[PDB]
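Student: Input: one structure, supplied below.
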Amino acid sequence: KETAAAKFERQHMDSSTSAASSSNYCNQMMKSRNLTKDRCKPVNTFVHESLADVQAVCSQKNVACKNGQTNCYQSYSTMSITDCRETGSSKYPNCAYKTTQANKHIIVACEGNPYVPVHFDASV
């Protein structure tokens, strides 16, 4: 059983590149992070910052989550991110994604001791 913290890292962290370089980034990454194993995950954001920077957001700007809870945090600064969204003609198992590189604020939900990101809520 993956902890929620570990699942967040697998789904959302990519501290190995500064930005997506190509339009096939999402196809590549959704596969290898095994986000297309049983179904195509429809929407997923990758963050190109250090783990430490992303974890730090749990100490930044407290905001409501989409779901009404109040354990969400917005990053003070923008971060390099890539937005992956399944195309309309994507069919499992040949999952296909639009890649959008951006510099936006992230919003995450934080939980636990240590108090660390467990959900990606949105980018701004």
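Convention: chains lettered A, B, ... in structure tokens order; per-chain residue numbering from 1; ligands numbered from 1 as shown.
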Using only C-alpha atoms, determine which residues lie at most 9 Å from residue 98 of chain A, disregarding the query and same-chain residues fewer than 2 positions distant; provide the list as a JSON list (two decimals) with N, CA and C atoms, in the first residue's frame.
Tutor:
```json
[["chain", "number", "residue", "atom", "x", "y", "z"],
["A", 23, "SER", "N", 5.74, 17.93, -27.23],
["A", 23, "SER", "CA", 4.31, 17.70, -27.13],
["A", 23, "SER", "C", 3.96, 16.27, -26.70],
["A", 24, "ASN", "N", 4.92, 15.33, -26.72],
["A", 24, "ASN", "CA", 4.64, 13.96, -26.31],
["A", 24, "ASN", "C", 5.00, 13.71, -24.84],
["A", 25, "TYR", "N", 5.43, 14.75, -24.12],
["A", 25, "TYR", "CA", 5.79, 14.62, -22.71],
["A", 25, "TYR", "C", 4.71, 13.87, -21.94],
["A", 26, "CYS", "N", 3.46, 14.32, -22.07],
["A", 26, "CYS", "CA", 2.39, 13.73, -21.27],
["A", 26, "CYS", "C", 2.17, 12.26, -21.64],
["A", 27, "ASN", "N", 2.15, 11.95, -22.95],
["A", 27, "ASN", "CA", 2.00, 10.56, -23.32],
["A", 27, "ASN", "C", 3.03, 9.67, -22.62],
["A", 83, "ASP", "N", 0.65, 20.50, -17.65],
["A", 83, "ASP", "CA", -0.73, 20.06, -17.55],
["A", 83, "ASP", "C", -0.99, 18.98, -18.60],
["A", 84, "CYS", "N", -1.46, 17.79, -18.17],
["A", 84, "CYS", "CA", -1.76, 16.68, -19.04],
["A", 84, "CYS", "C", -3.27, 16.43, -19.02],
["A", 85, "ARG", "N", -3.92, 16.48, -20.21],
["A", 85, "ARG", "CA", -5.35, 16.18, -20.25],
["A", 85, "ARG", "C", -5.62, 15.23, -21.42],
["A", 86, "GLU", "N", -6.35, 14.16, -21.14],
["A", 86, "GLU", "CA", -6.66, 13.17, -22.15],
["A", 86, "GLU", "C", -7.42, 13.82, -23.30],
["A", 87, "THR", "N", -7.05, 13.49, -24.54],
["A", 87, "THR", "CA", -7.73, 14.02, -25.71],
["A", 87, "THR", "C", -9.12, 13.40, -25.80],
["A", 96, "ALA", "N", -4.10, 8.89, -24.84],
["A", 96, "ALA", "CA", -3.44, 10.00, -25.51],
["A", 96, "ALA", "C", -3.77, 11.31, -24.80],
["A", 100, "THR", "N", 0.51, 20.76, -21.94],
["A", 100, "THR", "CA", 0.58, 22.20, -21.82],
["A", 100, "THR", "C", 1.58, 22.58, -20.72]]
```
Student: Please extract the residues of segment 33-98 of chain A with a backbone DSSP assignment of helix (DSSP H, G or I) and present them as a PyMOL selection string.
Tutor: chain A and resi 51-59
Student: Tell me which of A:59, A:3, A:89, A:44 sits closest to residue 75 of chain A, counting only C-alpha atoms.
Tutor: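 With only C-alpha atoms as the atom set, the closest residue is A:59.
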Student: So that I can check the surroundings of segment 32-41 of chain A, please list as a list in words every protein, DNA and RNA residue that reaches within 8 Å of it, counting only C-alpha atoms and ignoring chain neighbours fewer than 5 positions away.
Tutor: residues 10, 11, 86, 91, 92, 93 and 95 of chain A
Student: Take the selection from the previous step and output its residues with C-alpha atoms, as a PDB file, in the first residue's frame.
Tutor:
```
ATOM      1  CA  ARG A  10       4.523   9.419  -8.161  1.00  0.00           C
ATOM      2  CA  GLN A  11       1.603  11.263  -9.747  1.00  0.00           C
ATOM      3  CA  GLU A  86      -6.657  13.166 -22.149  1.00  0.00           C
ATOM      4  CA  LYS A  91      -9.250   5.184 -25.998  1.00  0.00           C
ATOM      5  CA  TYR A  92      -7.850   2.887 -23.297  1.00  0.00           C
ATOM      6  CA  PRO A  93      -5.402   1.255 -23.631  1.00  0.00           C
ATOM      7  CA  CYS A  95      -4.280   6.639 -23.871  1.00  0.00           C
TER       8      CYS A  95
END
```
Student: List as an MDAnalysis selection string the protein and nucleic acid residues near residue 12 of chain A, meaning an atom at most 6 Å away when only C-alpha atoms are counted, but skip any in the same chain fewer than 2 places from it.
Tutor: chainID A and resid 8:10 45:47
Student: Calculate how many Å separate atom CA of residue 57 of chain A from atom CA of residue 73 of chain A, rounding to one decimal.
Tutor: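 Result for atom CA of residue 57 of chain A versus atom CA of residue 73 of chain A: 6.2 Å, one decimal.
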Student: Extract, using only C-alpha atoms, all DNA, RNA and protein residues at most 12 Å from residue 17 of chain A, discarding same-chain residues fewer than 6 positions from it, and format them as a PyMOL selection string.
Tutor: chain A and resi 25+29+46-50+80-82+101
Student: Within 12 Å of segment 60-63 of chain A, counting only C-alpha atoms, which residues show up once you throw out same-chain ones fewer than 4 positions away? Write them as a list in words, please.
Tutor: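 So, after excluding close chain neighbours, the residues are residues 53, 54, 55, 56, 67, 68, 69, 70, 71, 72, 73, 74, 75, 76, 77, 105, 106, 107, 108, 109, 110, 116, 121 and 122 of chain A.
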Student: Hey, can you check how far atom CA of residue 42 of chain A sits from atom CA of residue 18 of chain A?
Tutor: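 Computing the Euclidean distance for atom CA of residue 42 of chain A and atom CA of residue 18 of chain A yields 23.5 Å.
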Student: Using atom CA of residue 65 of chain A and atom CA of residue 13 of chain A as the two end points, give the distance in Å to one decimal.
Tutor: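 Distance between the two atoms: 19.8 Å.
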Student: Between A:16, A:4, A:21, A:30, single out the one closest to residue 102 of chain A, counting only C-alpha atoms.
Tutor: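 Smallest distance to residue 102 of chain A is found for A:21.
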Student: Pick out each residue of chain A that DSSP on the backbone tags as strand (DSSP E or B); I need them as JSON, numbers by chain.
Tutor: {"A": [13, 43, 44, 45, 46, 47, 61, 62, 63, 72, 73, 74, 79, 80, 81, 82, 83, 84, 85, 86, 91, 94, 97, 98, 99, 100, 101, 102, 103, 104, 106, 107, 108, 109, 110, 111, 116, 117, 118, 119, 120, 121, 122, 123]}
Student: Which residue is closest to residue 114 of chain A? Choose from A:20, A:5, A:90, A:99 and count only C-alpha atoms.
Tutor: A:5
